[PDB]
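Below you'll find the structure, written out as structure tokens, and then a few comments.
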Amino acid sequence: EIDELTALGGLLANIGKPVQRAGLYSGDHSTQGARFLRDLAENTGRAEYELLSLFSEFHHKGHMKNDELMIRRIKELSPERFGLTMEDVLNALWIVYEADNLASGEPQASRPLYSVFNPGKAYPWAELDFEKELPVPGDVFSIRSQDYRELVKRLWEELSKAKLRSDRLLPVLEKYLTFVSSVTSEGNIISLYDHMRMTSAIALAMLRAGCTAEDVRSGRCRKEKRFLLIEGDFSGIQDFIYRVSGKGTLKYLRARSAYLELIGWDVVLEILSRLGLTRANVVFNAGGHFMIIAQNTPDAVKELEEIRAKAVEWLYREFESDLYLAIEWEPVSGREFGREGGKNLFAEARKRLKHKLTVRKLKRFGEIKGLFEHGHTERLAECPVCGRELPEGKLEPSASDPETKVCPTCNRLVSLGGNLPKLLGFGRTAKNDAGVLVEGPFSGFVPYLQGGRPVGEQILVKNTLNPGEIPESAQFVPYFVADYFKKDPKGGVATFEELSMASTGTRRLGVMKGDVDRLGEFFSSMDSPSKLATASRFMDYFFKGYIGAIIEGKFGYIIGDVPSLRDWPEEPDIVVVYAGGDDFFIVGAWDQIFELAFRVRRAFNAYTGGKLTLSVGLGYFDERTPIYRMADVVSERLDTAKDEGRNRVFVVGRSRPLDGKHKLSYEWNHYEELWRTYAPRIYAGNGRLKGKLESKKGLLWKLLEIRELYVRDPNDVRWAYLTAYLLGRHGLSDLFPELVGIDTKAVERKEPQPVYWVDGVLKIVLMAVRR
Amino acid sequence: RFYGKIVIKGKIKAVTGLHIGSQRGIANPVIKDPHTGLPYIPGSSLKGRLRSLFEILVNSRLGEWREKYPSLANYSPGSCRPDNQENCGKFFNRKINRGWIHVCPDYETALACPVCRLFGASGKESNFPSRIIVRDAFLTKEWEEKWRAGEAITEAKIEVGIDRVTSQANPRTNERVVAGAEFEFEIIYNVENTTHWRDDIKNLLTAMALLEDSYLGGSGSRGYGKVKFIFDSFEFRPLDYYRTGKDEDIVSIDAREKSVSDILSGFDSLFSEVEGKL
Amino acid sequence: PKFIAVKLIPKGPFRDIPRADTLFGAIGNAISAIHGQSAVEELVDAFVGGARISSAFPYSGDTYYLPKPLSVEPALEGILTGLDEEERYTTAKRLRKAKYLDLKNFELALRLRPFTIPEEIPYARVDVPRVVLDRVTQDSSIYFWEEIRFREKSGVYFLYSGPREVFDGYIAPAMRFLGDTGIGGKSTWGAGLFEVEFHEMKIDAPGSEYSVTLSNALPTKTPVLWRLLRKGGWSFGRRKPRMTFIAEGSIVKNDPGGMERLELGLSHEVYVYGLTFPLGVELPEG
Ligand SMILES: [Zn+2]
Ligand SMILES: [Zn+2]
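Chains as they are written, first to last, in full-length UniProt numbering: chain A, 2 to 107, 113 to 777; chain B, 4 to 27, 34 to 287; chain C, 2 to 287.
Here it is, written out as structure tokens:
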């Protein structure tokens with residue numbers, strides 16, 4: 002069919018550059034990719050690769066002169082072997098060419119992919135495996151011609167062993183052409199995988215829209231609104247995962263987060279499978295927020311509206327107004343994708359679409375029409391774990407305590423929490439089958455276990471890019487998730503009591519919640535869809551794959567010296583509840599949640615070019631605290647760090663005067679410099695103090711009471727000599743030589759005294775000790 | 004039906020350091042108002058200590074009170090702790106999480122029990138609401154001014170644990186309120202029935218009279234309670250007060266009287282107009 | 002117009018800021034105690050016939066707070082045209098997260114003017130732990146309990162439009178009953194208690210076709226721009242069914258609201274307050 006072959010053309014039309022940079026054939030890489038797809042068809046390959054060489058030769062318009070040189074070569078070829086028409090095979094080479102210009106957004115010197123966060127730096131060519139290598143942008147160094155030949159060797163190996171199909175070639179070109187630059191120039195920050203992933207997307211949307219070969223020649227497909235940018239966004243995530251009462255200790259929370267991502271994939275894959283789009287049309291799908299390029303046809307605007315009408319009515323019946331999916335679309339044209347002149351059109355048609363998302367979230371369930379309709383149902387009851395009221399008798403006795411009467415959608419998640427260690431992805435099948443635990447809005451999801459056979463037309467596979475035990479006819483969809491979890495003595499998930507007992511000192515539970523700051527301004531800078539598709543994969547990969555390898559103790563040259571209470575274990579007791587693409591909510595031991603927040607920050611500082619920041623709230627809680635309360639506190643400790651500087655951490659709850667001159671949260675370099683001064687003199691490592699301070703906590707607790715006299719009146723200077731007397735009579739005039747004398751320059755600069763910021767370093771150590 | 008609200012104002016005198024912990034820079038902090046930083050006595054630490062003293066008082070007098078209060082005939086003195094079965098024959102009949110409390114199981118029985126008629130009951134298909142409201146006691150204006158004058162309002166006391174053989178000392182610290190403080194309490198009784206409110210006031214004063222010889226919160230057996238009720242005024246707030254708003258409530262006058270010069274010293278005398286207007 | 006601001010000077014913690022459904026039910030129980038059943042049916046006929054009360058909002062020492070209208074967010078880039086884009090973006094985001102506004106900044110957001118959010122919320126949500134002590138063995142069993150703890154001068158207040166003979170006949174004798182019992186929460190631990198004062202508030206509002214709701218809505222027709230609130234309380238131990246209200250500050254057009262009467266197996270019928278409190282608002286094109 003022309004449908005798959007157009008998407009396979011644009012996803013291989015740019016293929017051949019890696020054989021130019023290697024040096025296999027003579028130049029003008031369009032001629033090379035013809036011969037490379039020619040030679041691939043001969044030995045261990047079908048004859049279909051010979052016809053796909055036409056797309057890898059007749060792009061850039063350097064050879065297709067006066068339209069007649071294309072015909073004499075293809076008149077020799079017989080399209081009757083594939084059922085293609087002599088004019089329809091002529092049609093798809095024109096579609097790929099216009100889709101090639103509507104993606105780059107526009113040769114000498116082989117330049118390695120430059121960094122999208124700072125174009126002054128660049129990436130060494132690596133393998134996308136998320137294991138042992140954090141690609142940190144270093145100084146500019148050209149890739150050797152010896153190094154591109156090894157790229158061709160594995161790519162020759164993988165393309166002969168993979169099925170020639172739209173979904174089977176995408177994890178091939180992703181693992182190998184991610185860190186290969188598309189157009190070699192000064193500061194190329196668009197990848198070659200992403201340039202082909204957005205050339206194949208625009209070529210398929212043109213074919214569904216019905217533009218033919220003379221429409222491309224006449225310049226008619228551009229300056230005419232034929233595409234359509236779909237965008238969706240889940241509203242109410244944080245009151246959906248965490249808002250449960252004191253049941254389901256964290257095996258269930260990790261199951262609420264995996265079931266959120268299944269609702270997002272069920273809606274996205276339904277749009278693709280109904281409009282005829284491949285997975286390359288997904289621009290991104292990162293933390294409950296997706297974006298798809300499609301065609302602007304009446305057979306799709308009608309067909310998208312039935313998807314939104316069904317999915318919202320599903321979300322309202324199951325989760326009663328606690329989660330809403332705002333889906334919108336906006337018709338765009340050819341020139342709207344690229345930068346036209348001096349004004350960014352793609353960032354303007356994205357901010358027209360983002361306004362239609364904003365006004366749709368204010369009309370939160372307009373498409374129900376029985377929304378404000380009252381009614382009386384007998385025996386209404388509340389399911390104890392997640393605040394959902396059901397008709398009497400609907401809740402089925404639970405598997406935890408059979409006296410309790412939970413709703414049945416929570417027993418599908420307790421049972422899901424017992425299989426998440428032994429899980430290799432999901433299978434998407436019909437609603438009404440057996441083996442289904444949880445159903446989405448459009449499908450039911452069967453857990454594909456470790457040792458077993460999957461079932462479904464579409465198989466979602468987590469955290470890898472290799473379809474090993476999958477049937478050849480089943481559609482392969484890879485996804486990624488941050489899935490680190492401290493195990494119990496069995497092969498499961500630990501507890502709010504088990505994580506709180508392997509912590510040094512006091513037995514509290516530590517919670518961090520962070521997100522990237524001013525990120526909407528970063529993605530608004532992208533002016534072309536291939537450039538957005540690069541910046542939204544690299545940001546997605548830090549919170550999906552590389553946040554696992556930070557907890558795994560790697561990357562010591564990059565991280566360095568961070569404030570650690572105890573030395574770093576081989577197996578950290580960390581349970582990553584959620585990590586979405588900017589946001590992450592991680593619980594664990596309060597000593598290792600403290601250290602990891604400085605360890606995530608330093609690696610994110612170097613994964614970018616030092617341009618994007620974090621902000622982390624940190625809480626320390628009782629074990630037997632309801633989890634909707636531990637979220638509502640740390641969400642306030644995150645937003646307190648967020649309205650102040652957006653590069654700063656909230657460490658410990660702290661007293662300060664209401665004069666507006668004192669702020670509770672530390673900047674990252676300030677606290678990490680306060681730790682290199684004050685901690686190596688009072689703290690030895692692993693929950694013990696230094697010499698001459700053992701059995702002298704009574705110095706330190708009273709030192710905080712002297713800090714309370716600064717809190718009661720900062721203008722009173724009584725704290726200055728009481729520090730000098732209390733350090734004096736213990737003989738510790740060497741320790742803390744600046745808490746005795748008032749800083750006049752700090753009163754000049756209108757910044758707080760050093761007695762005020764010492765609380766965040768002492769109180770962590772006093773909590774580290776038995777206290 | 005509503006008839007009025009007997010209002011009990013006065014002061015709480017912490018004759019000895021009073022400690023009501025929170026377990027959250035002193036190692037064991039008394040609770041505090043988060044905006045001022047001042048300590049206070051809750052209305053829930055005061056009420057559960059008025060109730061725990063009064064339930065053991067009723068527990069000793071189950072047999073002698075079978076014919077003044079019914080539904081004390083369905084209770085045997087003792088706990089239901091060994092045989093883990095709630096609402097059994099014994100008195101402390103409801104298990105909450107791990108503790109056993111006398112709570113009567115129905116509305117029809119809590120209207121007769123002297124504890125639950127005054128202090129309330131949960132039940133199944135019952136929900137008997139209490140008749141008293143116990144407010145949070147805060148420091149008196151004279152003691153908020155000492156907070157302004159730079160004094161200490163909560164000391165920190167160090168104890169120690171000592172081996173009986175080798176005298177190894179093992180200390181800890183406990184923050185507690187400086188002895189001598191004056192709080193301001195408030196108890197608003199709700200006159201639902203017009204017959205048995207004398208028995209509900211005289212039982213509330215008995216719970217306070219046992220509280221002046223027991224302790225309030227904290228360590229207590231090591232001398233951290235020693236509380237004292239200093240009454241100021243009792244007011245009636247009639248039903249005619251709430252409709253028309255004109256100030257004709259009946260006010261008792263007791264500036265310096267005890268909890269035992271008030272129970273029977275003046276009970277026929279101080280409530281003379283309240284027992285007349287009913 | 003001119004509204005009667007009924008202030009509630011607290012005497013302890015609360016359980017939550019009162020909404021309009023749980024003020025009217027508390028005013029209903031206060032009238033039945035001091036008047037009886039025949040006046041509660043007259044109270045309900047006064048709200049349907051005339052003016053109605055609003056939800057409760059904080060204040061902090063002559064700074065009466067009011068809810069932020071939802072009319073600003075589809076305008077919120079046109080409100081901030083004259084700002085530089087590196088500080089205009091974080092101003093636009095903190096302007097949207099804001100829940101309340103001053104008495105003066107409310108009158109600017111009704112006219113699509115530039116406005117500023119307040120710096121400080123007059124209360125906190127602390128989690129005081131209680132305990133259940135065994136009566137024989139003194140064994141402890143901690144549960145947690147959350148509250149609303151106001152500041153030194155702060156409090157809470159609601160607004161009343163209506164005829165004055167209904168106010169000083171019904172609303173004013175009911176609020177002094179409720180000064181000695183609670184508004185929700187553990188009233189036996191001294192929570193919902195207060196002291197009541199009466200003042201006068203005047204709000205400048207533009208005359209228009211649209212309006213914002215200063216109370217829960219329970220609308221008849223579908224509103225313009227809204228925000229769902231989903232709660233159902235308790236009535237004499239009977240569990241009320243959850244009802245899709247609309248939160249305060251949401252935008253309706255020519256909507257009176259309307260109370261739903263319920264059965265709940267009691268002797269008397271239970272009315273649930275869903276009348277709206279309309280103040281005029283200016284909108285963009287949707
Ligand atoms: Zn549930
Ligand atoms: Zn009883």
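Virtual Cβ for every residue (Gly too), placed ideally from N, Cα, C.
Handout entry: Neighbour flag for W763(A) against chain B, beta carbons, 9 angstroms
Key = no
Practice task
Could you name the residues of chain A that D128(C) contacts, counting a contact when the two beta carbons are closer than 7 angstroms?
Solution key: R635
Problem - Other residues of its chain near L538(A): CB distance less than 7 angstroms, five sequence neighbours each side excluded - result: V289, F529 and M532
Practice task
Could you have a look at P48(B) and say whether DSSP puts it in helix, strand or coil?
Solution key: Three-state result, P48(B): strand.
Handout entry: Partners in chain B for residue 111(A), counting only beta-carbon separations shorter than 7 angstroms
Key = Since the model of chain A includes 107 and then 113 but nothing between them, residue 111(A) has no atomic positions to report.
Practice task
Evaluate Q481(A) with the Cβ neighbour count: other Cβ atoms within 10 Å of its Cβ, from every protein chain shown; 16 or more gives buried, anything less gives exposed.
Solution key: buried
Practice task
State yes or no: is the C-beta of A264(A) within less than 9 angstroms of the C-beta of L422(A)?
Solution key: yes
Practice task
Below 8 angstroms CB to CB, which residues in the same chain sit around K229(A) once its five sequence neighbours on both sides are set aside?
Solution key: Apart from the 5 residues on each side of it in sequence, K229(A) sits with its Cβ closer than 8 angstroms to the Cβ of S339, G340 and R341 in its chain, given in chain order.
Problem - Terminal residues of the alpha helix (DSSP H) in which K76(A) lies - result: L70 to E77
Exercise for the section: Have a look at the DSSP bridge pairing and note the partners of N469(A). Expected result: None, per the DSSP bridge assignment.
Problem - Contact residues within the region 383–409 of chain A, judged by C-beta distance below 9 angstroms to chain C - result: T383, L386, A387, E388 and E395
Handout entry: Near-chain C residues of the region 266–280 of chain B (beta-carbon distance less than 7 angstroms), N- to C-terminal order
Key = Cβ contacts with chain C come from no residue of the region 266–280 of chain B.
Exercise for the section: Could you tell me whether any Cβ in chain B is nearer than 9 angstroms to the Cβ of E700(A)? Expected result: no
Exercise for the section: Compute every distance between the C-beta of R394(A) and the non-hydrogen atoms of ligand 3, then say whether any falls below 8 angstroms. Expected result: This structure simply doesn't include ligand 3; it includes ligand 1 and ligand 2 instead.
Handout entry: 3 or more residues per run - each beta strand (DSSP E) lying fully within the region 213–260 of chain C
Key = 229–232 and 244–247
Problem - Nearest residue (CA-CA) to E220(A), options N92(A), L157(A), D245(A) and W320(A) - result: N92(A)
Exercise for the section: Taking only beta-carbon positions, decide if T215(B) is within less than 9 angstroms of chain C. Expected result: no
Problem - Cβ shell of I149(C) (< 8 angstroms), same chain only, five flanking positions each side left out - result: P14, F15, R16, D17, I18, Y124, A125 and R126
Exercise for the section: Mind checking who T175(B) pairs with in its DSSP beta bridge? Expected result: The partner list for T175(B) (beta bridge, DSSP) is empty, contrary to what the question assumes.
Problem - Min CB distance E284(B) to chain C below 9 angstroms - result: no
Handout entry: Contact list for the region 230–246 of chain C against chain A, Cβ threshold 7 angstroms
Key = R231, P242, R243, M244 and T245
Handout entry: Burial state of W227(C), where buried means 16 or more other Cβ atoms lie within 10 Å
Key = buried
Practice task
With DSSP as the reference, label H200(C) as helix, strand or coil.
Solution key: Reduced to three states, the DSSP call for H200(C) is coil.
Practice task
Would you kindly check if the distance between the Cβ of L198(A) and the Cβ of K18(A) is under 9 angstroms?
Solution key: yes
Problem - Proximal residues of chain B, C-beta to C-beta of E201(C) below 8 angstroms - result: Residues of chain B passing the Cβ test: none, with the nearest at roughly 19 angstroms.
Problem - Rounded straight-line distance, which links the Cα of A440(A) to that of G446(A) - result: C-alpha separation (whole angstroms): 15 angstroms.
Exercise for the section: Determine which residues of the region 689–718 of chain A have a Cβ less than 7 angstroms from any Cβ of chain F, and write them out in chain order. Expected result: Of the protein chains in this structure, namely A, B and C, none is chain F.
Practice task
State yes or no: is the beta carbon of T82(C) nearer than 9 angstroms to at least one beta carbon in chain A?
Solution key: Judged by the 9 angstroms Cβ criterion, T82(C) is not in contact with chain A.
Problem - Beta-carbon proximity check, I556(A) vs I565(A), cutoff 9 angstroms - result: yes
Practice task
Could you tell me whether the Cβ atoms of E384(A) and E398(A) are closer together than 9 angstroms?
Solution key: yes
Exercise for the section: Leaving aside the five residues before and after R174(A) along the sequence, list all residues of the same chain whose C-beta is less than 8 angstroms from its C-beta, in chain order. Expected result: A168, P473 and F482
Practice task
Give the secondary structure of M87(A) by DSSP, where H, G and I count as helix, E and B as strand, and everything else as coil.
Solution key: coil
Problem - Three-way DSSP call (helix, strand, coil) for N202(B) in this model - result: Residue state, collapsed to three classes: coil.
Handout entry: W206(B): contacting residues in chain C (beta-carbon distance under 9 angstroms)
Key = By Cβ distance, chain C contributes nothing, its closest Cβ being about 16 angstroms from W206(B), past 9 angstroms.
Problem - Own chain partners of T512(A) with C-beta closer than 7 angstroms, once the 5 adjacent residues on each side are dropped - result: Excluding positions up to five away in sequence, the list reads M773 and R777.
Exercise for the section: Report yes if the CB atom of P390(A) is closer than 9 angstroms to the CB atom of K257(A), and no otherwise. Expected result: no
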